[PDB]
């Protein structure tokens, strides 16, 4: 088809090319003629032909976990923004935390020869770790670790620990001493990390959280429900609860409200993520806000760097969470005694 244009415009295709990419000077008329032909033939040059020659497809692969989850969703849209903004195309793939699915996705990506890879798999067993290395040749950045687990990738790090710590303290400083927690999967950073940060703050306070008061969630609203329910279901109940993520949090609000418990008057609840619509939770949710957009953009940027500036040494950028006060938290019994 490029031959077709050339022919119409009676010039070599080489010409057609250069004019199409202003890659060397071309006589006005000549230029015009080509643009003309280009238009009548209704010409769209093949990127694949081009990619074949130039050796990069101007496309990036996002090997994600799930894309419906608010948290996820939000990050993704960000990344997309950035890609578009710099001419990259997004290939979205969800491995659902399934090795086989992930091996598959990975392979198609290499095959389609994505310029770089954005990795957000949530959990990282050695088998997953291993696979990834097999493709160290393709530039990648993991956006979901607590610290850098490998030498062959870039990494953006969220400080989940300090975020949890922030959550504990607030509660502490607000009058609370009987607290409970519903964490996300321990096999994840946003799970374990948050918990542990939250647990340090407690030890520092000589606060002991009885095990009947800690209940694992899976970042899903339903899990949030069940936990809150198992917590308030007990003889002795905490006066405040720290919930690992806003959506399970939202799940937690439901239950309370269902047993006729009051928020925050009967229970204060503090979340984690500051998801786009947390403010509209009821009550408006107080939570730790995670920089999702920066989290996206920042990742894209390291990728581009390696890609263009051909860096080879893995890097790692940290990002920081921060408390957002809404109305799901109330003074605790010890506020006055501080």
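Residue numbers count along the first chain shown, from 1.
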| property | result |
| --- | --- |
| Comparing 182-190 with 127-135, the one whose average Cα B-factor in the PDB entry is higher | 127-135 |
| Mean C-alpha B-factor comparison - 214-222 and 231-239, higher one | 231-239 |
| Selection from 324, 19, 330, 9 [criterion: highest C-alpha temperature factor in the record] | 9 |
| Residue with highest C-alpha B-factor in the PDB entry, from 273, 312, 68, 297 | 312 |
| Chain-relative CA temperature factor third for residue 53 | middle |
| Third assignment of residue 46 from its chain's C-alpha B-factors | lowest |
| Within-chain third of residue 88 by Cα B-factor, per the entry | middle |
| Relative C-alpha B-factor of residue 119, binned into the chain's lowest, middle or highest third | middle |
| Among modelled residues of the same chain, the CA temperature factor third for residue 176 | lowest |
